[PDB]
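# So I've got this experimental structure, pasted below with the sequence.
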Amino acid sequence: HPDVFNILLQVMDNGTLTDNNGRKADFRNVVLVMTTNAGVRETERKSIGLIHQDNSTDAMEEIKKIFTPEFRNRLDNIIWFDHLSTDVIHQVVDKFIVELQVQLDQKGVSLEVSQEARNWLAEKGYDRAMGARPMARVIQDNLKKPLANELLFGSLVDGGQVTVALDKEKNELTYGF
Amino acid sequence: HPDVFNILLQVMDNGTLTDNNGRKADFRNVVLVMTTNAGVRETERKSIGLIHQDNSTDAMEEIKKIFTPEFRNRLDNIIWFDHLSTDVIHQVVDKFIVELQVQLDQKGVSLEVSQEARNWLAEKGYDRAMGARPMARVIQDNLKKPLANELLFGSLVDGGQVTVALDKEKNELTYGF
Amino acid sequence: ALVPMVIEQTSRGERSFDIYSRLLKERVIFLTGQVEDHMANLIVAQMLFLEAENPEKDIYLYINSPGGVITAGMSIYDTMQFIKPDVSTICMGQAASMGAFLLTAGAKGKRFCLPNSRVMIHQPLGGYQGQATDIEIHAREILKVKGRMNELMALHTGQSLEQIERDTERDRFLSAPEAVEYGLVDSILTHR
Amino acid sequence: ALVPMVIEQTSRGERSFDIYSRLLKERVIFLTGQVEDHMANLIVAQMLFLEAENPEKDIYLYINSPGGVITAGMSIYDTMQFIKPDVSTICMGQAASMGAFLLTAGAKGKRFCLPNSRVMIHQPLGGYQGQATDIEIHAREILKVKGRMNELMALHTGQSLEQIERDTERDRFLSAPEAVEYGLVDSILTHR
Amino acid sequence: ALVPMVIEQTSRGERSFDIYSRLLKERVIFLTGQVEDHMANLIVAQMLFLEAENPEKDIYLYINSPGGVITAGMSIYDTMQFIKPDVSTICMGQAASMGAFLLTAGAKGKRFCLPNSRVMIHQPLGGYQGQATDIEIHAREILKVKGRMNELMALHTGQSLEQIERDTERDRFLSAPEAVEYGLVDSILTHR
Amino acid sequence: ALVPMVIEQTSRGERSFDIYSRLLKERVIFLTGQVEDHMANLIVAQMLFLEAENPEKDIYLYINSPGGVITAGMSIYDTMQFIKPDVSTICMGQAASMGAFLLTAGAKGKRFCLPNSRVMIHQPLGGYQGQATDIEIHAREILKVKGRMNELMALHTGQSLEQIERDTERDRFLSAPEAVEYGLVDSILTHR
Amino acid sequence: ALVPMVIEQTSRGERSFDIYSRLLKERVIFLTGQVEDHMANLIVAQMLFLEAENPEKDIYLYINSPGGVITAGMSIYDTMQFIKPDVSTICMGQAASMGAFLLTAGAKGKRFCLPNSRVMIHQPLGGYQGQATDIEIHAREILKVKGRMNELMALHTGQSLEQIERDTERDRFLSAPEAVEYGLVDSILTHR
Amino acid sequence: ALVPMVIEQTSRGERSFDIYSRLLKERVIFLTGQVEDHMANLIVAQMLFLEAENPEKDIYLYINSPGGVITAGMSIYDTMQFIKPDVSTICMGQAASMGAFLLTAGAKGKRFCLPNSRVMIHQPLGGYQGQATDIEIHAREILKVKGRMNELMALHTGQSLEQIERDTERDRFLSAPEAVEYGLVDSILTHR
Amino acid sequence: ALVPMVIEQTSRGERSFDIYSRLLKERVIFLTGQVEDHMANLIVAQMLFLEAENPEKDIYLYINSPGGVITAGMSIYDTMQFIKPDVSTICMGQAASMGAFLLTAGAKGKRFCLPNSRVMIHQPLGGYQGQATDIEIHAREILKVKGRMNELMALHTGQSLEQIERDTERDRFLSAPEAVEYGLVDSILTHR
């Protein structure tokens, strides 16, 4: 509720907040980070006309309308995160694959993914609109589901490892032991 | 509030009102009397036009336009209590004068209120829109303020014959004793 | 905004009404300008509407009119004598010709006229082009209307018919006090 | 605000209707002015609408009309005869020509005129320029209409055809008592 | 208030619809006056609207029209044949020229005229000023239309083409029973 | 957008209103342009409406008018005199002819005009064509009106009648300070 | 009811639409009558509006138009080519001149014509009064437009340019099947 | 759709306001086109309305006007001087004649003019037909008005009266920079 | 339903907005038809309104205009230069005369033109009747305007002044590619 923001005026400005017993919270050694999706619904909307408009000034409307001037004027900064680029997606995919590798290592099996397979997953899952969020699903469907069957029903348990590669004809992934 | 109205209809239909403690009030032995002033408000309004017309209405219709038929259909009646006649307002002022005299008798003061004074107070206090309600004030001030003053100042005594003639300008022609 | 809105408090007090509708609600109808069919039909609709709303209350008809079509005026004339509640007519500005005709047709004792208003009366006008045979028919038709109009004036004013017959031969103008003396109206409204 | 608004209570009372709509709700339709196609298409829409609302109740049609197009009048004429509830026609002001035709077409026993109204009847008018061959076609067309108009008048008035035929050769004006005697209407409404 | 409002109850009851919209809701469309492009454009839109609302519920087209532009009328004609539900055409007052054309184009067995309607048919009218070369182009253009209209009349009425051509050489008026015999309509409505 | 809407917060909401209705609530009526019957009829409706709203408060009439029909103006003139609350008339722009007449008719001590306004007074205009007998009647009536207007000017201004008689034979223009000296207005408004 | 209202069952409530707004929601735009600046401007606004609502769905342009101003039509033409969704055009009634021009400009495979509609094409008209040098300038401009229009006709119809030029020197009328063979439209809609 | 609606969030909701009302709310009044009585009357109503809403805040008057009736313009002129808040006038497009007159009448230091706007000043126009005696009266009145306008120009511009007298003999056009030097405006707005 | 309504969901629910208002919200303004005072007065109001809504976003001005009054156009011209956000002008249909003038006045790099649109430029027109002295004054003013317009054209297009001076002697038509080369616009929009 926007009135809850008022609680932070004295926090951001004096590092303090007083509890109902009269004791004071001391935030001088606290880093305050607030996150938001304000302005996104608007920045992602298509305009009507021959020329598409630049809707990057979301900061000028939603952030300003939501946060009272006295709140805003106490911030060190308002930082706009961008949509992730495709270069980033490749890095994101590598990151998620590593997370997968760790979960697999804990079960005594390991996973290798070819570069072609990685590029394919990255290319398949990219959606500028949803950032890095869907990449975890692309990995979930292309790597984790196959693996769960191999891990759960004996194909890939103790004694083996799995290598995943992309073919070119179908651009389908391989698996193994 | 409409939920008073709704609970009254529920009582009219089943004879009971249920308490927070599960206790039930039994209305089979009671008489419900409701009052309303709706039928007297419309009649006191002046019409727009060179000729004012008669805005007398049917009070029963005014009720019809305010109250629901579910309510009306659960009544034994809707009764019009009319305005008061001259002799009635005299009965009312005389009752007030007698009560005044009782207070004066407790002190021992005899107050003679002329018939002209009695008629006038009844006429002045009475308001056909508010009936006899204002009579309390025409007598409370006109027949008492001067007595309180002569008694408290000490010009009037516990006893004595004090009279109030009314003059042609309708003034209280009070006396000492 | 040719016609302003007014706001009236009631129970909810949300209603706004063109000032003319606000006055219709008080049983006030305004007849202005030429009497024609569309206007008259609207006045008749208003009178029938008020008769239905409350048959027991007077309807006030404000007249400020130079005259008009007799036929159209007669639909007002007859509605006024048909509907149950009295129609009280008030002349302001002018009531000429058919306008005067309707003014005197109000309920007896309730025909009023503001003091600087003018009332004018005169035999009906008309005309026709055609064969001598058709001319005769139409001439007979206007004379009957004249005669009928003369009979109704005498009825409503108390003047003898012969006197009405003479007085409408040529335009006759009456000041508000003259309208009262003549019998077109009962009285003059002056100040509230 | 040419046409005033009226307020009617219901339950909530949230009803504001132009006076014309308010009276339609009381099953009153006004037919006024020249009878043409757009107007005599609204009269029909209203009658069909009222028939559906309650097939068992009368519809009151107020007529104040100088005449008009026969064709347009016939869509009204046929709708009145087709639908179930009686249409009671009331003459105010005038019912001339096509207007008189529709007046007599109301339900038997329910046709009436206010006392100072005027009803006028007469054979149809028309015309046509073109080749002698086309003139004959169009002349034949108007005579068939005249004949058809005469049959329907005789049907509704009770006059013989021969008599109704003679009486419409030239404009014939009838006073309200004459309309009753003749049979165009059944009675005169006087006072409510 | 040229067009009255009607109130209809539902669940909550908050429905106030112009009387013509009230009738559109019942699948009734009115074609009146001259056939032109804006009118035709609106009728087509209404028919498509009704077709979608319920593809299996007749649409009633009330016709009272002197004629109009063929081109505009053909967009009504084509829409009526295109759309799935039957369009039942009713002739009231008149259906002349293009109006007659559309009347006969209604669904077979569902075409009918009130007892006093007139239906009139006749070859297309037109014209053109310009150079003899342009006159020739436009003259051929109108003759093709005439031929095309003649084929459609024959198709819908059941008359042979030669007969339908002879009969439209000059204006031909048909009374309601004549229209039935000719085949312009299937029947005559009489009384509820 | 010819007339802009304004909003005001009172109890539970904004209530937008045509700026002209917003001012009617403040008991401000504007009279502008020609004085005619429909305009005058509306001003009277507004004054009666305000009188009922609160009989004890002044009504401000803003006048900016070149003149107009005397009859229509007298309708306004008499209502102002009849109704209980004072009508305070303010002249802005111009008050000519009948406009000046109404300006002086406001409540004494409350008649005022802006510094650069102009007030113009003159005897009434009119005319008639017809038989010498009718000319005589109509000429006599306009003279009675002139006399009547002359008396009312003298009454409201304090001028002798003869002085008014002389001053209005030909158009007379008065600057705001002259209107004050003459007695048409009581004062000049300057700055708040 | 110049334009009927309809109501729609969706989720939150029926609201109401005036047919054309109702059809705009279905991505149907109607182009009728003469093409001029204001109407063209409105169509462009509607197409931009629909393009934004859903860039992946076709827009249907119903055409029934005699022609119009090329410039105005040119703004429609360019918007149709610019916007992402295909614009499917349907010719009903007529598509003449500029109307025909826009008809063929719809997405290939989606140009439809109803069976009895007529399409007419011709070179542009214009004119100018002034000095011989001013005439020279304007003559060149109209010729450039003619050339430009022929280039676009050839592009959209598949006819050679040489053939388009010959075929538009004089008005050319095409019936729906002729338009298909010529290539102005792709197919004829018949029955659903 | 001549004037678009705009929506602005307020407190408990948002409100849709004709763009012209949306700007009145910001204390912006637009004076455009000829100055006449009805338009002037509306500007006066707007200024009085704004004065009451906040007597301590400036009112902006945007002028784009060729001139008009002096009388009507003076009512605007006097209201601007009477009301408490400063009226800041801005000339855009043109301010000619009476428009120029009102432009210079704004609050000193707040009279602004856009860079390409033109201001034009000239003695008043008028005329009269009648008897030599009436001509004489009317000629004197126009001359008094001329003198009066000359006095107000000198007052507001700082020019001597003699200089104003010479400069308005014939139309004198001033570019925005010339208006500043002359003293009609205080400054030129350029870019925000 | 001349202008369709569109509906969009926002926060609390859906809002119905004339399609023209729906586009104003997208910062799209249409300038079509003749440039005159009332039209300019409205465009300026819209631009001021959008500037306030969000000073940092572009305003799109769609132009399809044959020309108009220079004065009115200059108020648009000055507002565009004054307000902070860029105004991006797009030419569709035509931008002639004053329309072309405003087209080039858009923000540099943002002047766009659809491919089949025409842009036409010429020296200003005008005229005057009167005494030789007045003729000189008015001739002097139109020439100053011509000079002034010539400077602004050179400023915005990058052409030398002398070249602009020569090129506007007589109407010059430019195709969209020519407008780009000349410098009236920056680029041509083709397909999305």
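Sure, I can see it. Numbering: from 1, shown residues only, chains lettered A, B, ... in the order given.
# When you work out contacts or count neighbours from here on, use the C-alpha atoms and nothing else.
Will do.
# So residue A:174 is in contact with residue A:147, correct?
No. When contacts are counted by CA atoms under 8 Å, residue A:174 is not listed as touching residue A:147 (11.3 Å).
# What is the neighbour count of residue 67?
Using chain A here. When neighbours are counted by other CA atoms under 10 Å in any protein chain shown, residue A:67 registers 14.
# Chain C is the one I meant
By other CA under 10 Å, the residues close to residue C:67 number 23.
# same question, residue C:24
By other CA under 10 Å, the residues close to residue C:24 number 23.
# what's the answer for residue A:77, then?
Applying other CA under 10 Å, we find 8 residues neighbouring residue A:77.
# same thing with residue C:119?
Counted with other CA under 10 Å, the burial measure for residue C:119 works out to 29 neighbours.
# give me every residue that touches the spatially closest residue to it that is not a sequence neighbour.
Taking CA to CA, 6 or more residues apart in numbering or on different chains as the measure, residue C:119 lies nearest to residue C:95, with 4.7 Å between them; neighbours along the chain are not counted. Listed by CA atoms under 8 Å, 6 or more residues apart in numbering or on different chains, the contact set of residue C:95 reads C:63-67, C:103, C:117-120.
# Of these, which pair is most distant in space?
Using CA to CA, those span at most 14.5 Å, a distance reached by C:67 and C:117.
# before we move on, back to that, Three-state assignment for the residue nearest to residue C:119, please.
Secondary structure state of residue C:95, per DSSP: H, G, I helix; E, B strand; the rest coil, is strand.
# Please report how far it lies from residue F:137.
Spatial separation of residue C:95 from residue F:137 under the definition CA to CA, to the nearest Å is 17 Å.
# again, but for residue C:103
22 Å.
# So for those two, which sits in the more crowded spot?
When residue C:103 and residue F:137 are compared on other CA under 10 Å, the one with more neighbours turns out to be residue C:103, at 29 against 16.
# list the contacts for that one?
Applying CA under 8 Å, 6+ apart to residue C:103 gives the contacts C:63, C:89-91, C:95, C:111, C:184-185.
# re the thing from before, residue A:174 and residue A:147: which is more packed in?
In terms of neighbours (other CA under 10 Å), residue A:147 is the more surrounded of residue A:174 and residue A:147; the figures are 20 against 16.
# near chain F, which residues of chain A?
For chain A, no residue is in contact with chain F (CA under 8 Å from any CA of the partner chain).
# show me the residues around the residue of chain A found nearest chain E that make contact.
Of chain A, the residue with the smallest distance to chain E, taken as CA to the nearest CA, is residue A:48 at 26.4 Å. Contact criterion CA under 8 Å, 6+ apart gives G:48-49, G:51-52, I:23, I:26 as the residues in contact with residue A:48.
# Residue C:184 and residue F:116, how far apart?
46 Å.
# quick one: which of the two has more around it?
Neighbours of residue C:184 and residue F:116, each counted by other CA under 10 Å, are more numerous for residue C:184; the result is 29 against 23.
# Would you mind listing the buried residues in stretch A:161-176?
Buried residues in stretch A:161-176, counted by 16 or more other CA atoms under 10 Å in any protein chain shown: A:161-162, A:164-166, A:173-175.
# which among these gets closest to residue D:159?
Nearest to residue D:159 among the buried residues of stretch A:161-176, with distances taken as CA to CA, is residue A:173, at 100.9 Å.
# Test my guess that that closest one contacts residue A:165.
Yes. Residue A:173 lies in contact with residue A:165 (CA under 8 Å); the separation is 5.4 Å.
# Pull up the overlap in contacts between those two.
Common neighbours of residue A:173 and residue A:165 are listed as residue A:117 (criterion: CA under 8 Å, 6+ apart).
# Can you get me a residue count around residue A:31?
Residue A:31 is surrounded by 7 other residues when neighbours are defined as other CA under 10 Å.
# Confirm that it sits in a helix.
No. Following the definition three-state DSSP, residue A:31 is coil and is not counted among the residues of a helix.
# Okay, it and residue A:72: tell me how far apart.
Using CA to CA, we find residue A:31 at a distance of 16 Å from residue A:72.
# again with residue C:118
According to CA to CA, residue C:118 and residue A:72 sit 74 Å apart.
# ok, now residue A:158?
In this structure, residue A:158 and residue A:72 are 57 Å apart, going by CA to CA.
# Let me know the secondary structure of residue C:31.
Quick answer, by three-state DSSP: residue C:31 is strand.
# more neighbours, residue A:158 and residue A:72?
Legend: neighbour count by other CA under 10 Å for residue A:158 and residue A:72, higher for residue A:72 (15 against 12).
# for that one, what are its contacts?
Residues in contact with residue A:72 (CA under 8 Å, 6+ apart) are residue A:64.
# Then residue C:114?
Residue C:114 sits in contact with C:90-92, C:176, C:188-190, F:78, where contact means CA under 8 Å, 6+ apart.
# one more time with 10 Å
B:50, C:90-94, C:175-177, C:187-191, F:74-75, F:77-79, F:81-82 (CA atoms under 10 Å, 6 or more residues apart in numbering or on different chains).
# just residue C:192 next, same as before
When contacts are counted by CA under 10 Å, 6+ apart, residue C:192 is found next to B:50-52, F:81-85.
# try residue C:183
Shown in contact with residue C:183 (CA under 10 Å, 6+ apart): C:104, C:111, C:153-154, C:156-159, C:177.
# now these: which count as buried?
Burial by neighbour count, judged by 16+ other CA under 10 Å, picks out C:104, C:111, C:153-154, C:156-157, C:159, C:177 from these.
# In TSV, list those along with secondary structure and distance to residue D:56.
Conversion of the buried ones among the contacts of residue C:183 to TSV gives the following (DSSP: H, G, I helix; E, B strand; the rest coil; distance: CA to CA, whole Å):
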residue	secondary structure	distance to residue D:56
C:104	coil	41
C:111	coil	42
C:153	helix	42
C:154	helix	44
C:156	helix	41
C:157	helix	45
C:159	coil	49
C:177	helix	54
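# Among the contacts of residue C:114, name the ones in helices.
When DSSP state H defines the helices, the subset of the contacts of residue C:114 inside them is C:176-177, F:74-75, F:77-79, F:81-82.
# how far away is whichever residue of chain C sits closest to chain G from chain B?
Relative to chain G, the nearest point of chain C is residue C:38 (20.3 Å; CA to the nearest CA). Relative to chain B, residue C:38 is positioned 25 Å away (criterion: CA to the nearest CA, to the nearest Å).
# Any idea how many residues pack against that residue?
The number of residues packed around residue C:38, counting by other CA under 10 Å, is 13.
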